[PDB]
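Enquirer:
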Amino acid sequence: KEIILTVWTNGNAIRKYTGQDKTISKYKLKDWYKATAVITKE
Amino acid sequence: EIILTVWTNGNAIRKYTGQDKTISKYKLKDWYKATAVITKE
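Protein chains in written order, with PDB author numbering: chain A, 3 to 44; chain B, 4 to 44.
1) Let me know the secondary structure DSSP gives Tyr-19 (chain B) once reduced to three states.
2) Contact criterion: CB-CB distance below 8 Å. Does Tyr-35 (chain B) meet it with respect to chain A?
3) Taking all protein chains shown into account, decide if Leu-7 (chain A) is buried (16 or more other Cβ within 10 angstroms of its Cβ) or exposed.
4) Quick one: what's got a C-beta closer than 6 Å to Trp-34 (chain A)'s C-beta in the same chain, skipping five residues either side?
5) In the region 5-38 of chain A, which residues sit with their C-beta less than 8 Å from some C-beta in chain B, listed in chain order?
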């Protein structure tokens, strides 16, 4: 079975998306972005 | 798009670094090694 999880990742590390891009700051991380993960257990 | 090996329980997720290769005789019930297809935006 597959799990679809919205993630906050930089291509290497990865975390669950909790709204990291929902900031009032003028700045943001260069390498990190919001993405969708299709997770398949091996 | 990238294909990452991850350590996750279906809710929280981390990059897989061999978290399941421990000396303990116990393991987390819900966590497992998985393949994650990451699609930007």
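Ideal placement from N, C-alpha and C gives every residue a C-beta, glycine not left out.
Expert: With the given structure in hand:
1) Your numbering for residue 19 (chain B) matches position 16 in the second sequence. The answer is coil: DSSP assigns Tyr-19 (chain B) none of H, G, I, E or B.
2) Stepping through the second sequence from its first residue, residue 35 (chain B) is reached at position 32. Yes, its Cβ sits closer than 8 Å to a Cβ of chain A.
3) Here the question's residue 7 (chain A) lines up with position 5 in the first sequence. Label assigned to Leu-7 (chain A): buried.
4) For the purposes of this step, residue 34 (chain A) is taken as residue 32 along the first sequence, with counting starting at 1. Excluding sequence neighbours, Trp-34 (chain A) sits near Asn-12.
5) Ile-5, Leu-7, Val-9, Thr-11, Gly-13, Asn-14, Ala-15, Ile-16, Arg-17, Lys-18, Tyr-35, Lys-36, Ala-37 and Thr-38
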